[PDB]
Every structure is written in C-alpha cells, then in structure tokens.
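The chain that follows stands alone, in the form deposited in one PDB entry, written as structure tokens.
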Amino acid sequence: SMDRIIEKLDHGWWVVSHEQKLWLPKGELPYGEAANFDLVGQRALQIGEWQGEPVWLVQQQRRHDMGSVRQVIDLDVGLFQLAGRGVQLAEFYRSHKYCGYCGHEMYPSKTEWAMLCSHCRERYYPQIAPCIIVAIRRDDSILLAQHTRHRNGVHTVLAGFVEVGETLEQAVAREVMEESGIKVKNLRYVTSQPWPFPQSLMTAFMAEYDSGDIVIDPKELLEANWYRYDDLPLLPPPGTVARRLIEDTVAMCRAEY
C-alpha cells in the first residue's frame, strides 16, 4: 500500500482514471517515466506491479482518449487485471466521498484501500460483486442464448449476480431456473475472472442438463437453444471466461463424440 506524490524517478504502467474510464493515448495503456505524461507532482496510488514495473493509479481525467479498459484486454492477463484494479479503485473512492451511514465526508485510509468516516465509526472497502457463469451441456449440445439487455447477435452462456445469503451453487440453480426453466446437475467449478464492468468477480461453472423444457424470461433472454458442438452460432470473444467455458464444452464433446 503506497499513496504518494509522483517524482521524476517514478515509472511504469499508468492507469489514469475517472468515472469508469481510463486514459488510453494511442489506444495504449500509458508506459514509461512520469515526466513523460506530465504526472510529476501528481498524487497517485501504487496498485501493484507487473514484471518489475509498478502499476499506478492517478485519479484525474484527461481531455482526450478516455475510454473503456476493455480496449486493452489483449494485454497480459495479469496486467489487464491490474488496470481493472485501477478503474475499480477510482470508482470506489468516487463512490464513497460521503458516508452512507451519517452523510458526513469521508477520508482515505493509509493502512489499506478503504474509506473511513470522520464523524462516525464506519468503514467501506471496495465492492466486488460475485457472479456465476455456467455453460450447460446436453449430450452433444450446449445451451446458448441471446441477451435482451444488450443486443449483439452473439449467443453465449448463462450468467448472473450471486444474491445475499446464497451459495454459488444456489446462484447457478436460481439463475438458470429463472432464465431458462431447466434444471442442471453435476456442477463443476472451472475458474474465476475479475470483470471490471463495473465490479464483478466471475465464477465459471460447467453443468449438465437434468430436466425441464426451455422457457425463457424475455426480460433477460431473446431466445435460447441447444446447439450441437459442431454447428455453433456467434460466440463471445476469446479472452472472456464465457468463450472458454463454451470451448471446454465443445472440445469435450468432440473428444467424446
């Protein structure tokens, strides 16, 4: 945990963020010495380190080239995760200018990433929202769906935020039943992924069909169907955990059929 003024001798990867945006001059995550980005004398937070290079967060906005961290998703996974960290932390501090409990103004910790209240005894820590995402397998088929919320002509797997007081398993069961009306069996954890859009922690699952006919919630899904492994529609981009689930499923179907 390092929170200080930037000197000429400071260098590395610079996450310059404001309101869920980051500064991408030339579509690049800023790299190099501080003076080369006019950051000398600017307050900054070291949010990590990638291959010897410190990753910094600067809470300011520029005039041009502000955009989504999704633009730099083709970088090393660890570096992308660190940039996402920058964006999330800036949005956290911005989200806690005032105390939710008593309405007084808050101030940063110096121990950790946290916002402490001057008046009352309350704290906040950056919010990570756990999410489930599951690829459901049926024999030689996988269930894929088009999403109502944002339309893209891409078919993908099922996802949803975990609720308070429920386990990941219950969250998969609940989300799947709510969206498609079917029941699954043989839940299988695969991996997890930080998804700063805005603040989700993905937990990825494989599952098999159990029973029920596909009955969709139109507020969430435009349509959903069983697609055989060999003849697939349009998939989410590689680099996302969704495509990865889809393709573990597919590779498995091929290998087994």
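Residue indices: 1-based, along the sequence shown.
Keep in mind that the form deposited in another entry is not shown, yet the notes after this line are about it.
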Rigid part between this form and the one not shown, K21 matching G67: yes
Change in CA distance between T148 and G67 in the other entry, which is 3 Å or more, as closer or farther: closer
Direction of the Cα shift between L75 and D248 in the other entry, where the change is 3 Å or more: farther
